[PDB]
Amino acid sequence: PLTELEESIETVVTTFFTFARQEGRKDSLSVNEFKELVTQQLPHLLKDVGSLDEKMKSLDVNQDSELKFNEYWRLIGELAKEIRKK
Amino acid sequence: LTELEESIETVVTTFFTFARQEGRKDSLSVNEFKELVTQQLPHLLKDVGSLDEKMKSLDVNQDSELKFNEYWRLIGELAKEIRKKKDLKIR
Ligand SMILES: [Ca+2]
Ligand SMILES: [Ca+2]
Ligand SMILES: [Ca+2]
Ligand SMILES: [Ca+2]
Numbered sequence: 001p002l003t004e005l006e007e008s009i010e011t012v013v014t015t016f017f018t019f020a021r022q023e024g025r026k027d028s029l030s031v032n033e034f035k036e037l038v039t040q041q042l043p044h045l046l047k048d049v050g051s052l053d054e055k056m057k058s059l060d061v062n063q064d065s066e067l068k069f070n071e072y073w074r075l076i077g078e079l080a081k082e083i084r085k086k
Numbered sequence: 087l088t089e090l091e092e093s094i095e096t097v098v099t100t101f102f103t104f105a106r107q108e109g110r111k112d113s114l115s116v117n118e119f120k121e122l123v124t125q126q127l128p129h130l131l132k133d134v135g136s137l138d139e140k141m142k143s144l145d146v147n148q149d150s151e152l153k154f155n156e157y158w159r160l161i162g163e164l165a166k167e168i169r170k171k172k173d174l175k176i177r
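The listed protein sequences correspond, in order, to chains A and B.
Note that my numbering has the first sequence beginning at 1, numbered continuously upward.
Note that my numbering has the second sequence beginning at 87, numbered continuously upward.
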């Protein structure tokens, strides 16, 4: 099977698709799916994020009202880079 | 921590675990990078070829070290290949 690091990378990727398949396109997060992912799975790392509707807008870099995997990955990188600082 | 948060913490911590071994404690020398790949990415980087060449390719500022940003670009490469398998095209 996978190492601790490999399984962790796989979990990060799987979590996107778990949330993205709930409604509309199965390969992107709507605002509702993004809000679910944050509230369910990032309640600690995003505790101080403020308005989720604004954060969605900020991450939606091509202004199509959905987060594709690349845009979610940008969020993961932001969270990683904050953790690194500790 | 949630499953997702634990996983992001693991990805970050694994870097420092290998980086603190010798030299600058916040970067991977080529020896520390080879240890990380062999011990912790043996499957995802099974087909990577020369580790010394991979190190060079990841060492974007040619300082002979991988700082966290440079390791994170590797994790992104690996994540994109996983993404392909978690969203298969029937075509
Ligand atoms: Ca969706
Ligand atoms: Ca978008
Ligand atoms: Ca080092
Ligand atoms: Ca470097």
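Even for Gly, the Cβ is constructed at its ideal location relative to N, Cα and C.
Check                                                                                                        : Outcome
Sequence-distant residues of the same chain with beta carbon closer than 8 Å to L2/A, five excluded per side : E10
Heavy atom of ligand 3 within 7 Å of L174/B beta-carbon                                                      : no
Any chain B beta carbon closer than 8 Å to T39/A                                                             : no
8 Å Cβ cutoff, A165/B in contact with chain A                                                                : yes
Where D27/A meets chain B, residues with beta-carbon distance less than 8 Å                                  : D173
Contact test: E156/B Cβ vs ligand 3 heavy atom, cutoff 7 Å                                                   : no
Per-residue contacts from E118/B into chain A (C-beta, under 7 Å)                                            : Correct list: empty, because the minimum Cβ distance to chain A is about 14 Å.
Pair within 8 Å by beta-carbon distance, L137/B and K120/B                                                   : yes
Inter-residue spacing [alpha-carbon to alpha-carbon] between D27/A and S115/B                                : 37 Å
Any non-hydrogen atom of ligand 1 within 7 Å of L37/A CB                                                     : no
C-alpha gap between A20/A and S150/B, whole angstroms                                                        : 39 Å
Within chain B, the residues that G77/A reaches when beta carbons sit closer than 7 Å                        : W158
Alpha carbon of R74/A to alpha carbon of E7/A, nearest angstrom                                              : 20 Å
Under 7 Å (Cβ pairs) to chain A, residues found in the stretch 88 to 102 of chain B                          : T88, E89, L90, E91, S93, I94, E95, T96, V97, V98, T100
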